[PDB]
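In the block that follows, a single chain appears as structure tokens, in the form deposited in one PDB entry.
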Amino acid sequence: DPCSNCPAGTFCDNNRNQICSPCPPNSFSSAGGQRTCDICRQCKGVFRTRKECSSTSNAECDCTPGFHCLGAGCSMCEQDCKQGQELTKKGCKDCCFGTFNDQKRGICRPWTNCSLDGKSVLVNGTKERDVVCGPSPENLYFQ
């Protein structure tokens, strides 16, 4: 009950005559009324510092250039590949023929089959971009 008067950036120590004490360095309290401050996330290794820590906000991490964040709060870093590639365990590998990837991350997915709906292919697809189908036989020859 008495600890509620300690705001964010402090922790409550009832052994003090002035119970609300500010957080030590590398430490934060984001809510207030807490008996401790949490230790600032350090963005170590494959992590990088986006917003440095403060007394009231944890440090925010993003990944190093050649990586991309995954998970809540950038908890993970998956390696970036190029466009037209996908990430396999042996490294970044080009998309196989018939597949494409328009992102610097993820897997290759196949082209949309224009032949299934009876349409010719207007522009050739590539590793980076999908195909663009021509008109259906109903518009191309009957309307």
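Take the two forms, find the largest set of C-alpha atoms that superpose within 1.5 Å, and that set is the rigid core. One rule holds for the numbers: they count along the sequence shown, beginning at 1. Only residues modelled in both forms are compared.
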Return whichever of 53-61 and 70-78 has the greater mean Cα B factor according to the PDB record. 53-61
Ranking every modelled residue in this chain by its Cα temperature factor as given in the entry, which third contains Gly125? highest
In terms of the CA temperature factor given in the entry, to which third of its chain does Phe47 belong: lowest, middle or highest? middle
Of the three thirds of its chain by CA temperature factor, lowest, middle or highest, which one includes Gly134? highest
Ordered by C-alpha B-factor within the chain, which third holds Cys114? Give me lowest, middle or highest, please. highest
Quick one: classify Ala31 as lowest, middle or highest third of the chain based on its Cα B-factor. middle
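Keep in mind the form deposited in another entry is missing from the figure; the text below concerns it.
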Please check if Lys82 moves between this form and the one not shown, taking a CA shift of 2 Å or more relative to the superposed core as movement. yes
Rigid core fitted, is the C-alpha displacement of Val121 between this form and the one not shown 2 Å or more? yes
Work out whether the Cα atoms of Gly73 and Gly106 come closer together or move farther apart in the other entry than they are in this form, the change being 3 angstroms or more. farther
Closer or farther in the other entry, the Cα atoms of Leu87 and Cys69, when the shift from this form is 3 Å or more: closer
Taking the rigid core as reference, which runs of at least three consecutive residues show Cα movement of 2 Å or more between this form and the one not shown? 14-18, 81-137
